[PDB]
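Everything on this sheet refers to the single structure shown next.
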12 protein chains.
Amino acid sequence: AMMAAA
Amino acid sequence: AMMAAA
Amino acid sequence: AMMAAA
Amino acid sequence: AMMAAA
Amino acid sequence: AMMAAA
Amino acid sequence: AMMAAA
Amino acid sequence: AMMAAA
Amino acid sequence: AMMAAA
Amino acid sequence: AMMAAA
Amino acid sequence: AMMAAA
Amino acid sequence: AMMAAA
Amino acid sequence: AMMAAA
């Protein structure tokens with residue numbers, strides 16, 4: 001699993 | 001921007 | 001599963 | 001924009 | 001399944 | 001712009 | 001799955 | 001900009 | 001920016 | 001999984 | 001900018 | 001896993 005926020 | 005993989 | 005929001 | 005795959 | 005909104 | 005492929 | 005926002 | 005691949 | 005892998 | 005923000 | 005790979 | 005911020 002992975003998540004990104006920018 | 002946000003993205004998720006699960 | 002995947003989701004994107006921008 | 002938003003997209004989902006499930 | 002998939003959905004898009006823009 | 002956005003694109004999804006699954 | 002792959003997604004892009006640009 | 002953002003991209004995800006899983 | 002923030003990202004997580006788990 | 002891979003993600004990028006730029 | 002940020003990138004993740006796992 | 002690898003991550004970079006720049």
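Chain labels run A, B, ... following the order of the structure tokens; each chain numbers its residues from 1, and ligands are numbered from 1 in the order shown.
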When you get a sec, could you note down which chain E residues fall within 9 Å of chain F, using only C-alpha atoms, as a PyMOL selection string?
chain E and resi 1-2+4+6
As a PyMOL selection string, which residues of chain G does DSSP assign to strand (DSSP E)?
chain G and resi 2-5
